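A look at the structure
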Number of protein chains: 4
Amino acid sequence: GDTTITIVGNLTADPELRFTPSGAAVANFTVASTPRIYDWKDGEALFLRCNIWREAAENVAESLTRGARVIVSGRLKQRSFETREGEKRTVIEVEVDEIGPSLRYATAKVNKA
Amino acid sequence: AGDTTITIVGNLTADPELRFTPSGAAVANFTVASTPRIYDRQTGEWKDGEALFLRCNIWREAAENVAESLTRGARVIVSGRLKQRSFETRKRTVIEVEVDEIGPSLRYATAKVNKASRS
Amino acid sequence: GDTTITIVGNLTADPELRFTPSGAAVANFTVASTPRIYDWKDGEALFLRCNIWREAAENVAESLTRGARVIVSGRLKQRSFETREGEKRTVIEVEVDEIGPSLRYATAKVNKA
Amino acid sequence: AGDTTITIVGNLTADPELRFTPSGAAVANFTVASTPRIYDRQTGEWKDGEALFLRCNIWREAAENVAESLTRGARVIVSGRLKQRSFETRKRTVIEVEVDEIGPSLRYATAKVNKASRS
Ligand SMILES: [Zn+2]
Ligand SMILES: [Zn+2]
């Protein structure tokens, strides 16, 4: 039913870990995905605002920092705004199902629980 | 132009088996056990439906990075391309994944990530 | 390298088939994907502007109409605008690799070439 | 919670084999031949690399819709979920696709689509 995607990229900044009145934790961060080339590299670019919640949000929070190369699988969510202030605005966000630091150019010590 | 790609989440059946080709190129093997949930629309709660087993081989330094970072039953995210090998009996084809990116899922766990060094 | 997605939904309107000075054809259309429910259906929603080019653009043009339920595989492309007129705008579009009418609630006569 | 999903583009090895379960539910089988391109970075142009063969089974009216709409070598788009069956020799597992949506690709062809009737 939903539209899902996988985006590989680096966090543009440390994950903002804020809490809701009810206590549940929410982690926000935008992944910036940037491509490859030939003969000379680099181009394209894609910045997707993401949000994970619950314990995954705190793990994201305590396990990721700026520049971190991540793998993110989630659901695209989009909202459509105004006209009574200007004229047609669209925004998009990714509800993260799973995310983890990528092991393509690095390592990590994974501690269970 | 492009291969068929998939993102599979699951657990490592066993630690990554790191070997090296004759030329020296590293190669890590493992299989992800992706278990989907099923809901008995009548009592009980969610259930562990039929699991999928996908063997995956990652190459070069990524593989070495795997061998040194992931272990048994670790939950991981795998983005890769489906490749159909061919092994003979005694015809036979089998479908495995060639990893492009893989990382530990921060779902039920944390991780200390050490960047390597390039840019 | 690129970020790809698959969106199943219906065209919100017939595909605009316009041509470029050079002659190549371009088909534009926005797919509107809307979900399922339980116990009572319907919710969510996602509208993604798409564009196919070349012969696929004309085939899309002559094979699809409004309401058509399609399957679309492409690449997300996003651009970031202004600040010298207002303050930060983001837009997204799907460069369609493959698209075809879905056979979930219909049929179609496929004529080769 | 969710299965592993994939979008595979390719051609039908053969016309869809439509059969019916004992209860009456329709079932169509077929396999997509997805051929990826390879570039000899030295002369020649693009090349037809190693193809992937995935068997797919679609259900109910969708299947009937398949049987009545698709034929041999037709290019199609398939969105589905990977399912691992189990058949025994003489153990054995195999990976096939359970289609959720499938349609003829308007890449190298057109199509006349007849909506059915619901909403
Ligand atoms: Zn090496
Ligand atoms: Zn039926």
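Just above, that's the structure.
In this report, we go over the structure that sits alongside the text. (Residues numbered from 1 in each chain as written, not as in the entry; some residues may be left out. Chains lettered and ligands numbered in written order. Heavy atoms only, no water. Residues with missing side-chain atoms left out of burial classes, pairs and counts.)

Residues and elements named next belong to chain D. Around the zinc ion (ligand 2), the protein contributes the donor atoms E61 (OE) and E64 (OE), which lie 2.3 to 2.5 Å from the metal centre. You can see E61 and its partner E64 sitting in helix α1 (residues 60-67), three residues apart, about one turn around the helix. Take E61: its relative accessible area is 47%, and that puts it in the partly exposed class. (Donors = N, O, S within 2.8 Å, 3.2 Å for Na, K, Ca; no water. Helix = DSSP H or I, 4+ residues; strand = E, 2+ residues; numbered from the N terminus. Buried < 20%, exposed > 50% of the residue type's maximum accessible area, 1.4 Å probe, protein only.)

To continue, consider the interface of chain C and chain A. Counting from both sides, the interface comprises 22 residues of chain C and, opposite them, 22 residues of chain A. Taking both partners together, chain C and chain A bury about 1,700 Å²; carbon and sulfur atoms supply 54% of that area. Three residues, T3, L46 and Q78 of chain C, lead the burial of chain C against chain A; their summed loss comes to 30% of the area buried on that side. Taken together, the links from chain C to chain A amount to two salt bridges. Of the charged contacts, one joins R36 of chain C and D2 of chain A as a salt bridge, the two residues approaching to 3.9 Å between their closest N and O atoms. (Contact = heavy atoms within 4.5 Å. Buried area = accessible area lost by both parts, 1.4 Å probe. Salt bridge = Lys/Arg side-chain N within 4 Å of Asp/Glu carboxyl O.)

Donor atoms from the polypeptide that coordinate the zinc ion (ligand 1) comprise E61 of chain B (OE) and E64 of chain B (OE), at 2.3 to 2.5 Å from the metal. Look at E64 of chain B and you get partly exposed, because its relative accessible area is 29%.

This part is about the relation of the copies chain C and chain A. Relative to chain A, chain C is turned by 180° and slid 0.0 Å along the rotation axis, the superposed coordinates differing by an RMSD of 0.0 Å. Within this description, the copies of the chain are treated as partners about a two-fold rotation axis. Taking C-alpha positions as reference, the residue of chain C nearest the rotation axis is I5 of chain C, located at 2.8 Å. When you check the interface residues of chain C against chain A, 100% turn up at the interface there too, and the contact is symmetric in its surfaces. (Least-squares fit on C-alpha atoms.)

In short, shape yes, function no, at least from these values alone.
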